[PDB]
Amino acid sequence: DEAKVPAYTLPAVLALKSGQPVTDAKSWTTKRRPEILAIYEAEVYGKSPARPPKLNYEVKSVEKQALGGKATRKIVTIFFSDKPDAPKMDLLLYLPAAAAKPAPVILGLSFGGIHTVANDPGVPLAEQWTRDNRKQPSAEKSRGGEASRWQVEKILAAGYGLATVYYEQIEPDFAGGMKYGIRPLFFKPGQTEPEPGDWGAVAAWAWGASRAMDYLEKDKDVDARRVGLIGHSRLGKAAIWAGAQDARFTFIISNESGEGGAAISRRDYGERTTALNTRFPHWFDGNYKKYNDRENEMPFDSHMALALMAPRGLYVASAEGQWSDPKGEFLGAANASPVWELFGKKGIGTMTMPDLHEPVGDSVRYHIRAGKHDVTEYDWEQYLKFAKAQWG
């Protein structure tokens, strides 16, 4: 019920903390954007390490005519650490078989192992984490189980490749899972746990997407100028911050990403933040918890986080049907859009929430669709049109 939504005044994305106004793109790039990035690094997602000077990886597998002659398939292992039994991740890549040149790639963070992304028997079954917080090999019945969320046939049809990484290889997603992930790798000598401004798990997943990018820009069959990033749900939060931190993504797609993602926090009284920091204490850094239930007012809201993409592409999307707030995510994008105008680009183009199946916008796009929390065939149809507008 929209009459029950509190009203509020958003922090001004185009004013500095002093109150001085941001007057042009120069001033955004040199003054305001660094200040917004610093705010979110300290109070929300946490400080991450710098880019590793050298990527340690191995191309484990390269096959032709995969997917019924439709694709070239690779599988690449990226090591976060020389040690043994150390954290590492398996990047799956499908490039179109007919590719005459290095091809654009959509990179994605996946909720399942690489065997869930297509119905491809050449792909080894991956060990996944379960409802009981155990890790164990996946059953063959699970192959292609996420296939409808990735629609690889449409992507190749459009002339593009798809790259995916299973996110829990970077850090498993349950409270207590940090010890199995990359964050312990960067502790100071005799450091037991993260300081309250250090990266949390969302930040860790984002940092992994950027190491996937490190590899994509070495692969001669990939157009390193034409990579984008997609994430769903909690991984849409990750994708927002990876986009903020990593200028190489020409666009990000953030599908139904909620609180700490695209959604405007001030549309409730801090209860989503508490629920998240309570149930998922690993997601955000220790400073974020002071904002629970408005015990402190946030010196930010989500339109500022989304503006960290400007002037690159941004697609926000929602589903009609729950525990989500689609209009909150629309208003995230619409209130970030002024920043794209500083650069001569077009944003959402409206402040009125559209109806079902009516995509709006140019460099910032939005749609709401029927159905449940998911990624569907309808979504990818609009995403691949976005991608064409973004890539030429």
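Residue indices: 1-based, along the sequence shown.
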property	result
Count class of deposited residues lacking coordinates, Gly321 to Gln322	1 to 3
Per the entry, higher mean C-alpha B factor between 132-140 and 105-113	132-140
Stretch with the higher entry mean CA B-factor, where the candidates are 184-192 and 291-299	184-192
Of the residues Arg51, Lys31, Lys47, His367, the one carrying the largest Cα B-factor as recorded	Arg51
Criterion, highest CA B-factor; candidates, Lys237, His282, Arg211, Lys179	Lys179
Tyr160 CA temperature factor, ranked by third within the chain	highest
For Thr273, the third of its chain into which the C-alpha B factor falls	middle
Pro124 - Cα temperature factor, lowest/middle/highest third of chain	highest
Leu308 - which third its CA temperature factor falls in, relative to the rest of the chain	lowest
Modelled-residue ranking by C-alpha temperature factor, third containing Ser337	lowest
